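Student: Chains as they are written, first to last, in the numbering used here: chain A, 98 to 296; chain B, 187 to 841; chain C, 427 to 572; chain D, 373 to 980.
Quick one: structure below, then a few questions.
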Amino acid sequence: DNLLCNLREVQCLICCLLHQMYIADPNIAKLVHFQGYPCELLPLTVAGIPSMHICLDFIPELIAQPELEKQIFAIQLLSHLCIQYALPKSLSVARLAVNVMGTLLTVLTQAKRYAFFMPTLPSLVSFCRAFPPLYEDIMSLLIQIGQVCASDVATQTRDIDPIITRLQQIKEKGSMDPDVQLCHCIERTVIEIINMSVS
Amino acid sequence: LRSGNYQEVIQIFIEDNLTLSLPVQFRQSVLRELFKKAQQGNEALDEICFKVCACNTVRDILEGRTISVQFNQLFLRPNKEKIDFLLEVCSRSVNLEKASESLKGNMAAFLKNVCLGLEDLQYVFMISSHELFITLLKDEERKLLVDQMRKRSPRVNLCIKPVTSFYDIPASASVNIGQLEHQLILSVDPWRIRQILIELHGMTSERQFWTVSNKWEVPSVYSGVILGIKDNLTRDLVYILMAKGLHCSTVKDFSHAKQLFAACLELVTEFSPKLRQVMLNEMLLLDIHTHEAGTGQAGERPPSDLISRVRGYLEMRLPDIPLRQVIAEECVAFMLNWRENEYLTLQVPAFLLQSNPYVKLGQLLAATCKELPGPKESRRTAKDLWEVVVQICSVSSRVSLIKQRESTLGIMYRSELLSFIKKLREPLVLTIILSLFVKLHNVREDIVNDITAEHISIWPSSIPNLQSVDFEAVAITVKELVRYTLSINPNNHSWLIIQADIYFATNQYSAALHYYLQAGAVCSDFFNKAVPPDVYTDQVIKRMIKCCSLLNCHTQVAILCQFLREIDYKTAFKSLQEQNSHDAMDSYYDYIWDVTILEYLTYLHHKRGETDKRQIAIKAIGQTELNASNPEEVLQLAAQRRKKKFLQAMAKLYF
Amino acid sequence: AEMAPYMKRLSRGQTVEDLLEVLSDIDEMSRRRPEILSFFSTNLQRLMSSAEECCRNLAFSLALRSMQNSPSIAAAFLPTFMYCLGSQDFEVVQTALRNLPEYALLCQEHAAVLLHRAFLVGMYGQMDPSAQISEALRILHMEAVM
Amino acid sequence: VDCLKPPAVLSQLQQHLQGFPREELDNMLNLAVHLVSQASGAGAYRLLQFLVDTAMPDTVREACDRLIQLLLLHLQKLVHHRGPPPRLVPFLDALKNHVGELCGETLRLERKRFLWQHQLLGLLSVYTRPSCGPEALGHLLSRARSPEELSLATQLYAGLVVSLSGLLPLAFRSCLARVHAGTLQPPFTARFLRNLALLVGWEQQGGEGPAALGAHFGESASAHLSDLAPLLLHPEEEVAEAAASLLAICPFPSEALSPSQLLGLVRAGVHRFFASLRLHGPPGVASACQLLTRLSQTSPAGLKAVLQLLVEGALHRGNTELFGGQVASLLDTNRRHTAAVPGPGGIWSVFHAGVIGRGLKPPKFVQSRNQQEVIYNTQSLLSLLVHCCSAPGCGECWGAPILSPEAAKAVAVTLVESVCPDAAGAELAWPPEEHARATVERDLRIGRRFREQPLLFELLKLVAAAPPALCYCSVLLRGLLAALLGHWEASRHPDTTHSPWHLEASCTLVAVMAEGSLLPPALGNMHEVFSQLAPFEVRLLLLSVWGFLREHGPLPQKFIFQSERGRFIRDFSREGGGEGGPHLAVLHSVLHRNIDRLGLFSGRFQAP
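Here it is, written out as structure tokens:
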């Protein structure tokens, strides 16, 4: 069910308490999000805790951190917040996030590129859903990432070689290469962006 | 082995396969010495080598080890004797009553896989009929295997006879006439066509059955003379033979076309010399087509009779005969393709040069082709051919040469010129034409990006009446010409470079890189060898560098900058500074062998705090392979293997 | 029957001149009478794959005009349009990308796979269709799914 | 349409009013066929459908049969006549849109209806100026299952080729365009590819039938190879195998293939080879094998491409397993913080100062597949490589074809690149054995790759089958020998069988370089006694091997081409020390020292 169970009630109670604690001290919310938590709880916390609109204040600071995991968490948190609170400040922070993604696309190595872009690419669907003005920047960034990853695929011999496929239909759903996996992830997030904007 | 009693060695090995007493390495060494002896001489040992190899293969199979290379090599050419001996060895060496399920499964799998490896099907069946095979395998899996091997090469039976609801239901005369007309349409044999037309004129009166199909088409030059035949049956028969033979020639059904044209020629010889000469022309055209579509495209020369017939048609000047210009075009193309330059440049009558423009063009092409080593007359013929083409590619002074086809100034139309070259397959002639059209395409402006060609020097550098030349038509023509030539020989690296240059001048750089990499791949067997400098010159490499820069693949620019005779650090350093790269960046640093480029990369990444990429570059510098003070052969080899790997990566990326 | 000889010329056109002139004539009478382009659909479908810029551009414009007049037959153009996007000829791909948003709004049920193909050829190719995909996606979204 | 149910009861009434004479009935039939031909505009397909259903009161059915025949003849005359303006037939202009349904109907193979529907399809294709013949042919190809149904398509082509031209290129282009778009779902895609493969094979099955038809299926399909190669990678296995079956037999274009086309075909082919080897095992590999063999035969560039891509895919991290290759936290933490004792002062501190790394490492459980399936996957790969490497081709029935040393050289150089790309000391001449102490890391990398990938030894003996090719693998042989020499130097056991892999590797190495004629027969047999020796003895023998290769060298110039058998030959006797007498002294002393066990092995190391 995922909605009609004791787990949902417990999540609501915990969200109420966390709402109270964040109201009492927003610095606790900032510290918790700098620590991070599993991203499976992100829609839960964003929907169930009204205090999270303050998270847009320290997301630009969290993005600036040198840890890759903190930046990944900032991107995912911003995506969920943008889904919840579609505001001009949210749009500005989303623009900053896309700019940061484009910037460190040319800073991260191949392993770092895989590690950063596998969790944060589905978040780009949320920015497109919330902000149609980001269509140009997000599609341009996706084209850049796809071209970089296609180059990386061409660098070495591959078990799949997605370069020569080139014409696949919607391949709806293993221990594969990171580069072909990232290529497939780019294709899938582009498909999700298109389907949302056409259905 | 010392005494040469090799049959005893084979028997000992077969017996040992049951006991496994002998060392495996000893048996392999014996087989190796036997193969060495066979290679030195004594061809009778080939039987012995196969026999002991089969024995060792059976032993390795029973011991659960891989099949040798020599076994597969000997089974490249399976025979009755090889397979029956192998089955005999397997049966002798299995000992089913004593053998474990492990050995039984091993031998079963070995026979199964030998069955899959046989192209021929009789061998598969004869292994399947063997008692050991039947005992070891279940009937289900044996049936499945023979099903697979039978569907590997499935004989298929198909109905070629077209559908026919041909029954007298009712038997009215109209139904009979209609179904006879249907049979006539479907029929292609001239004898049955004659029978059908005889019957049709039988029960009808002046029906003129040549009208029975609108799709039967004859050239208008022949329609008047054919329809003037008096007898209705003869006129209809000649028209149907005309139409059907022409259509068969169109769809490359050349034998049937030959039958129809031979029948028509036999018919018209009785009472018409004009139609006889028309038939002779049609048989000549059909024979040219047969040769160029059959024994052609393989290099074997044509028979002298066809050459003489082509010459006879060319030199005949009968005015009354209606002539199709296409036959003259095909004759000139036939002469040019088969290197009959001497006939064109010496033995052609002058009236043919004056009247038929295709013959004049063929003479010009043959002359400028054969004279290439001798620059004196080659220059003059080149100027003549250049003048002819620029007259063809110019308009009379808005007018566009493509929209206003008639607006040309030359001996014939530009479209006619294109369609004539499309009949030409000879590589040197096409090379000449492409060089001429590339030279023409270059001189439209003072453009820096000028396309090169093999023989660009023999053409003149000046044009009277520049403004008459419609350079849009020239660009269109050279594009069609390059595409056609690559459709002729896709692996001509010169034409691939011309195509790439065209795409580069048009500012579409992905296609330019595609064709430049194709040109490099041709000359080096997909970069397994070094690309020749005459192909990948500094100019071609610079053009690929600009192609990569314009695509924002800046690390590829940095790598390609190392390909030059003098490495261009200016461009490499400028491109590495860019931060909108659309390539893999650090994944490409493995292809950099110059230590200066890597020093710049390290400095650049340190300057930007990109510490991970900085450490990748520092690791790249720290390879002992890349040490700048290594012996020059080691550095050259490092550069060469990185060259090969980078170019193959680019090949995969761009095609 | 009136444009039957024009269509026969169009089918038998081997040279660029014949094809260009018949296409220009058809362009004129379709500007006068757009309803006639239904009789040319197969031929101009074949002509969008042509490796000639003038002929290909004219065929694309006429096909788009025909689909604009009768949007029901846009789906009939999907295999040839995708073939043009998937062609090895790069100029054909560029032409198809140039006309991508218009055909996307004309089809709108296969626009998903059309834009997916456009992104794929832009990704494993070296072109940048982000502008065309973004424009098509923006206008299609604001027209279809809000 | 409204008069489709009324007849079902009014047919008796119609026959009752049909008592008019034969002449009047025939005139009425002529008027009726003319009217239906010249008037039917919208619902004519339904009219035709119920008419055929009523044709299949027996007199009504016979009347329907005769009317259908007369209508077919009248339509035939209407389409084929006057040749010049075109003629308009509204019946066919109504039937063009129902071409797919009409193709489906005739495909059901009735006793008599399918002939009428097929003839009508032929007439409709001739009638339509943008002829639907290619479309109808495509529908038949993509929907037919049995050869009897495929015969419908062949008969249609036979009926149309007498009037039309270019049907098959257009049909294939339309079908492939539909395939590469979302249309023509994988069932019909696989059907189309299977039927096309059937036609191509039928043509190559050179009977009188293909000659009579003159279709040139193989020639036409050869134009669409670029549109067919991506289908090998199609996720639906039926499509991929149908594409492989078609491409195995489809002739390549008349002149050649462009390098882009060749490379795309080769890459799709090797991917299909490995994918189908993984999925179906050896039996599902024949089509890809044949395709790659033809691609190898096309040109030396094709040969080098297919060999290097095949072995590179085989040694890739994926496909190695085919060939025996190798490979609430805080809530719980809070639970663990329950203090067992009250603590020093009522306050509890955690015992440890921290955690080294990210805690415990995962076990990293290994996995091994069946050894038999590994053996036969290696067999399929090696048979494919032998077919690619073999020269063309009773010609010495007991003999075998010669493996091309150029193809084997290609395999050798790609092997070296895959295993030891960092080839700084890549001279074919061997260095002093003291240099092994400088390249220890490289040699250990080579040894580890030989350990992990057992396929490397198989490829090495494949290379050694062609004599001069193993000269180019000199770096790999040298590195593996240095690794083994280090192992035997460091070995502390008294017996060599305690290191089973290193013993096996030393034996296989000496056997390969003997089979490659890099060693003479005497020094090529020491591997037989390795298993009975102490580590320092086998180390001394391998050092003797190294010394011999220093003296003579694995140089391809030493190999003399013998035109008698078309093979390269290394004759050690002309080398001046080919027996390796200084290097045989060590072997003889090792035999003499262990004569208690190596007495019977003395025959393997005799001088002649």
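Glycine included, every Cβ here is placed at the ideal spot set by N, Cα and C.
(1) For the beta strand (DSSP E) containing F940(D), name the first residue and the last one.
(2) With distances taken Cα to Cα, identify the nearest neighbour of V195(A) among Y134(A), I242(A), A208(A) and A121(A).
(3) By DSSP, does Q934(D) sit in helix, in strand, or in coil?
(4) Among the candidates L490(C), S476(C) and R435(C), whose CA atom is the shortest distance from the CA of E461(C)?
(5) If I follow the unbroken alpha helix (DSSP H) through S435(B), where does it start and stop?
(6) On the three-pair Cβ rule with 8 Å, is the segment 818-826 of chain D touching the segment 689-699 of chain D?
(7) Take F920(D) as the anchor and find which of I932(D), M885(D), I941(D) and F933(D) has the nearest alpha-carbon.
(8) Measuring alpha carbon to alpha carbon, tell me which of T705(D), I747(D) and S871(D) ends up nearest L857(D).
(9) Could you tell me whether the Cβ atoms of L914(D) and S961(D) are closer together than 8 Å?
(10) Less than 8 Å between CB atoms is the rule here; does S237(A) satisfy it with respect to chain B?
(11) Against chain B, with Cβ distances strictly below 8 Å, would residue 409(C) count as a contact?
(12) Would you decide whether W377(B) is buried or exposed? Buried here means 16 or more other CB atoms lie within 10 Å of its CB.
(13) Who are the neighbours of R263(A) on chain D, taking C-beta pairs under 8 Å?
(14) Of the residues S223(A), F228(A) and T203(A), which one's Cα is nearest the Cα of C246(A)?
(15) Since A549(D) meets chain C, which of its residues come closer than 8 Å, beta carbon to beta carbon?
(16) Going along the segment 762-773 of chain B in order, which residues come within less than 8 Å of chain A, judged by CB to CB distance?
(17) Using the rule of at least 16 other Cβ atoms within 10 Å of the residue's Cβ for burial, across every protein chain shown, is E283(B) buried or exposed?
(18) Between the Cα of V398(B) and the Cα atoms of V411(B), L204(B), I382(B) and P405(B), which residue gives the shortest distance?
(19) How about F447(B) and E515(B): do their beta carbons lie closer than 8 Å?
(20) For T594(B), which three-state DSSP category applies?
(21) How far does the alpha helix (DSSP H) with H477(B) in it reach, from first residue to last?
(22) For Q491(D), count neighbouring Cβ atoms within 10 angstroms of its own Cβ and tell me buried if that reaches 16, exposed if not.
(23) Would you verify that the beta carbon of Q494(C) is, or is not, closer than 8 Å to some beta carbon of chain A?
(24) Can you give the beta carbon distance from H477(B) to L492(B), rounded, assuming they're within the 8 Å contact cut?
(25) Quick one: Cα of residue 854(B) to Cα of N299(B), how far?
(26) Between which two residues does the alpha helix (DSSP H) containing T782(B) stretch?
(27) Okay, do the segment 340-356 of chain B and the segment 511-528 of chain D touch, 3+ Cβ pairs below 8 Å being the bar?
(28) Strictly below 8 Å CB to CB, what residues from chain C border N103(A)?
(29) Is there a Cβ of chain D sitting closer than 8 Å to that of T254(A), yes or no?
(30) Report buried or exposed for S187(A), applying the criterion of at least 16 other Cβ atoms within 10 angstroms of its Cβ.
(31) Kindly list, in the order they appear in chain A, the residues whose Cβ is closer than 8 Å to that of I802(B).
(32) With respect to the alpha helix (DSSP H) encompassing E561(C), which residues constitute its N-terminal and C-terminal limits?
(33) Taking just the CA atoms, how far does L619(D) sit from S314(B)?
(34) Who are the Cβ neighbours of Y182(A) in its own chain at under 7 Å, not counting the five residues just before and after it?
(35) Keeping to the same chain, check which residues put their C-beta closer than 6 Å to that of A612(D); ignore five residues upstream and five downstream.
(36) Is DSSP giving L775(D) helix, strand or coil here?
Tutor: Quick look at the numbers:
(1) Here the question's residue 940(D) lines up with position 568 in the fourth sequence. Element bounds for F940(D): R939 to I941.
(2) To locate residue 195(A), count along the first sequence from 1; it is residue 98. Of all alpha-carbon atoms in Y134(A), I242(A), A208(A) and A121(A), the one lying nearest the alpha-carbon of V195(A) is that of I242(A).
(3) The count along the fourth sequence starts at 1 and reaches residue 934(D) at position 562. Three-state result, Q934(D): strand.
(4) In the third sequence, the residue the question calls residue 461(C) occupies position 35. Per the Cα distances, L490(C).
(5) As a working note, residue 435(B) is residue 249 in the second sequence. Taken as a continuous stretch (DSSP letters only), the alpha helix (DSSP H) holding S435(B) covers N418 to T436.
(6) Yes, since at least three Cβ pairs between the segment 818-826 of chain D and the segment 689-699 of chain D fall closer than 8 Å, the two stretches touch.
(7) Along the fourth sequence, read from residue 1 onward, the residue named residue 920(D) stands at position 548. Here the closest residue by C-alpha is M885(D).
(8) Here residue 857(D) refers to the residue found at position 485 of the fourth sequence. That would be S871(D), whose Cα lies nearest to the Cα of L857(D).
(9) As a position in the fourth sequence, residue 914(D) is number 542, starting the count at 1. As a position in the fourth sequence, residue 961(D) is number 589, starting the count at 1. The Cβ atoms of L914(D) and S961(D) do not sit closer than 8 Å to each other.
(10) Locating residue 237(A) in the first sequence gives position 140, counting from the first residue. So, not an interface residue.
(11) Past the boundaries of the shown model lies residue 409(C); chain C is included only from 427 to 572, so the question cannot be answered.
(12) Along the second sequence, read from residue 1 onward, the residue named residue 377(B) stands at position 191. Burial call: exposed.
(13) For the purposes of this step, residue 263(A) is taken as residue 166 along the first sequence, with counting starting at 1. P602, listed in chain order.
(14) Within the first sequence, numbered from 1, the residue matching residue 246(A) stands at position 149. For the set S223(A), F228(A) and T203(A), the Cα lying nearest the Cα of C246(A) is the one of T203(A).
(15) The count along the fourth sequence starts at 1 and reaches residue 549(D) at position 177. Against chain C, the beta carbon of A549(D) has neighbours under 8 Å at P505, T506, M508 and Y509, listed in chain order.
(16) Of all residues in the segment 762-773 of chain B, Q765, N766, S767, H768, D769, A770, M771, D772 and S773 have a Cβ within less than 8 Å of some Cβ in chain A.
(17) On the second sequence, residue 283(B) is found 97 positions in, with the first residue counted as 1. Exposed, by the Cβ-count rule.
(18) One-based indexing of the second sequence puts residue 398(B) at position 212. For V398(B), the nearest C-alpha among the options comes from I382(B).
(19) The residue labelled residue 447(B) in the question sits at position 261 within the second sequence. The residue labelled residue 515(B) in the question sits at position 329 within the second sequence. Cβ atoms of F447(B) and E515(B): not closer than 8 Å.
(20) The residue labelled residue 594(B) in the question sits at position 408 within the second sequence. In this structure, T594(B) counts as strand in the three-state DSSP scheme.
(21) The count along the second sequence starts at 1 and reaches residue 477(B) at position 291. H477(B) -> alpha helix (DSSP H) spans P459 to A479.
(22) On the fourth sequence, position 119 is the one that residue 491(D) refers to. With 16 or more other Cβ atoms within 10 Å, it is buried.
(23) Here residue 494(C) is taken as the residue at index 68 of the third sequence, counted from 1. With 8 Å as the cut-off, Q494(C) does not count as an interface residue toward chain A.
(24) Your numbering for residue 477(B) matches position 291 in the second sequence. Your numbering for residue 492(B) matches position 306 in the second sequence. The pair is a contact, with the Cβ atoms about 6 Å apart (cut-off 8 Å).
(25) Residue 854(B) is absent from the structure shown; chain B starts at 187 and stops at 841.
(26) Against the second sequence, residue 782(B) aligns to sequence position 596. Residues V781 to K793.
(27) Yes, they touch.
(28) As a first step, residue 103(A) is located in the first sequence; it is residue number 6 there, counting from the start. The contacting residues do not exist; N103(A) stays about 37 Å from chain C at best.
(29) Locating residue 254(A) in the first sequence gives position 157, counting from the first residue. Closer than 8 Å to some Cβ of chain D, the Cβ of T254(A) qualifies, so yes.
(30) Sequence index remark: in the first sequence, residue 187(A) carries index 90 (1-based). By the 10 Å Cβ count, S187(A) comes out buried.
(31) Mapped onto the second sequence, residue 802(B) falls at position 616. Chain A residues near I802(B): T206.
(32) Locating residue 561(C) in the third sequence gives position 135, counting from the first residue. Under the DSSP assignment, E561(C) falls in the alpha helix (DSSP H) whose first and last residues are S556 to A570.
(33) Mapped onto the second sequence, residue 314(B) falls at position 128. Mapped onto the fourth sequence, residue 619(D) falls at position 247. Distance between the alpha carbons of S314(B) and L619(D): 28 Å.
(34) Stepping through the first sequence from its first residue, residue 182(A) is reached at position 85. Taking C-beta separations shorter than 7 Å and ignoring five residues to either side along the sequence, the partners of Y182(A) in its chain run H150, following chain order.
(35) If you number the fourth sequence from 1, residue 612(D) lands on position 240. If we look at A612(D) and ignore the five residues flanking it on each side, its Cβ neighbours are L604 and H606.
(36) The count along the fourth sequence starts at 1 and reaches residue 775(D) at position 403. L775(D) falls in the strand class under three-state DSSP.
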